[PDB]
Every structure is written in structure tokens, then in C-alpha cells.
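Only one chain is given next, in C-alpha cells, and it is the form deposited in one PDB entry.
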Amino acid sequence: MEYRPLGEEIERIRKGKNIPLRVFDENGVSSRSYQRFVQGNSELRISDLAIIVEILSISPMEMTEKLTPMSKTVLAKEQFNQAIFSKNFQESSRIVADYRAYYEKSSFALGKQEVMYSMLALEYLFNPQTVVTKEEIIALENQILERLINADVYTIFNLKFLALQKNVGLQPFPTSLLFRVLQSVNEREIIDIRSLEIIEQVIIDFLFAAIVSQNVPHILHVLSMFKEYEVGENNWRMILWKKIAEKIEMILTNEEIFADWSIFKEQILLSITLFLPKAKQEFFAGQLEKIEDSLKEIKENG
């Protein structure tokens, strides 16, 4: 049984904090069942675990990659991810074939479906002698897309799916769907740094692409969404993007002049020397230039 990361980590805390097993029994929790849980044996109940994190004064958020369970799907995706990274492709293609069989015989699970698509997509993108076909990707893509369209709630993995779908680019990107996914995901407070990083990059890229497209109604739609996106006080990068978005709206609606844009852009270009290495600096600068050019064209061509 795989919840071993969690049990091992709880063990590490308990022992590091000098808490003897008897305390668990004094609180209504079988030290035996707990021990069997640490190993690879029997099954703990959530209420037991909650009593344990209160005993050990653990914040549950604190448990990070320890809250994720180590199922066949999760382990498979871990292997395939590192394999693809290190470019050891014989492994990646064999993990794919194995998982294809497992999935086709397994009970239905959205996680399994999503990981299945992920494996096919990354194979198609990175293994130059891949067996997986465009057609297999598209059929599975359309199943996931159909569920997304008919759904009323979205989670972070639906956003990852859309990002991956844009990179695969075998079918046009569902922009309207991106709006709905962003809205449902950002209804809750995101506390996963990894999720925040995905959401931020998607929003920055979405606004940049909207601008270069010079489609004003769409740019305004993206800006209106960015207006509702909540940014923490300490998230200076996102604060700055919010300020850029604000200044862009004024320019688009004729309520700011390009001389003011120019002053603002120069301030930014100076300030990012504090925060960014040189390559990131020039990439950012280039983004500002292309945005400036797009706006010049929009306002010249009315």
C-alpha cells in the first residue's frame, strides 16, 4: 500500500518531536493501526489522521507531495515524466504502452483519462520515434473536451490539460473554454505555489496573445477577466502585470496617451534590472515592445 510518503513523513515528525505511541492511544487512535498504516498494511480513517495531525501540531497544508497518493497512475506518470525529461525514450514509450493497456482494462477515472492524454501528448511532442498517432490523441482530446464543455466545475488539472492542448496544437484552441476554466478555478483561493505558477503564466500568455492578435473585443474580454483576478500584496510580478493591463485598457479606450505609456515602459524596463536575470530581462523588454507596436497599430487603424 502506497500512502507510504504520508506515513513516513508523519513518522519523521512524531519521532523528531518526541511523541511516544501511547499518546495516540490516549487520544482514541490505535497505535497499532497507525503503525500498520506507516508500513504497507491496513487503512486509516480520515478522522484518525486528523486527530494525529492535531497531536503532532501539523498544518495539513504543510504536507505537500505527501498528500498525493502513490497509485499505479501516479507512479506511472512520475516515471514517464522523469524519463521524458532525461530523454531516455525507450522507457517513456514502454510506460505509455503499459499504461494504455492498464487504462483500457481499468475502471473509469478522470485522473486516468487525463494522465493517459498527458502521456500521449508528451510522447507525440518529444519522442522522435514515437508510436502514438495524431488520431489517437485527437479522439481522446475530443472526449476530454466534451466532458469539459458539459461540465459546470473545473479544477487545476483541467487548466493543465488546456495548456498541454495548446502545445500539442492538433486542433484549434478552445478560447471560450479557457475563460470558463479560469473562472471556476479562481473562484477558490489558490494556495498551491505550483498551481499559482501555472495560472499566472497562462494569464500572462493569454493577454499577450490577445494583444498581438489586435482583436480589440477579445483583448477587452481578457482585460476584464484579469481585472477580476485577485493578486496578493507580495506578488509584485503579478501586481505589475495588473498595472500593465490597466494602462493598456486606458490606451485602448482613449483615456491615456502614448507619451504616458512610454514613460511607464521606461520605468518598467529600468526596474526589472532588480528582479530579473539578463535573458529574462530582454524577453520581458521584447514583450513590452511587441505590445507597444500592437497598440500603436490598433490606435492608428481605428
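What we label the rigid core is the largest C-alpha set whose atoms superpose within 1.5 Å from one form to the other. Residues that one form lacks are left out of the comparison. Quick note: we count residues from 1 along the sequence shown, nothing fancier.
In this entry, 81-89 shows the higher mean Cα temperature factor of the pair 81-89 and 218-226. Averaged over their C-alpha atoms, the temperature factors of 208-216 and 105-113 are higher for 105-113.
The residue among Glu246, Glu54, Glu62, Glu266 whose C-alpha atom has the highest B-factor in the PDB entry is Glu62.
When the modelled residues of the chain are ordered by their C-alpha B factor, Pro128 lands in the highest third. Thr155: CA B factor lies in the lowest third for its chain, per the PDB record. Sort the chain's modelled residues by C-alpha temperature factor and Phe275 lands in the middle third, per the entry. Sort the chain's modelled residues by C-alpha temperature factor and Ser71 lands in the highest third, per the entry. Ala50: CA B factor lies in the middle third for its chain, per the PDB record.
Just so it is clear, the following notes concern the form deposited in another entry, a form of the same protein that is not shown.
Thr68 shows a C-alpha shift below 2 Å between this form and the one not shown [criterion: core-superposed Cα displacement of 2 Å]. Relative to what is shown, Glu197 and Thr64 are farther apart in the other form; their C-alpha atoms differ in spacing by at least 3 Å. Pairwise change in the other form: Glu65 and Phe85 C-alpha atoms lie farther apart than in the shown form, at least 3 Å.
Legend: core-fitted overlay between this form and the one not shown; highlighted in sequence order are 39-41, 63-67, the runs of at least 3 consecutive residues with CA shifts of 2 angstroms or more.
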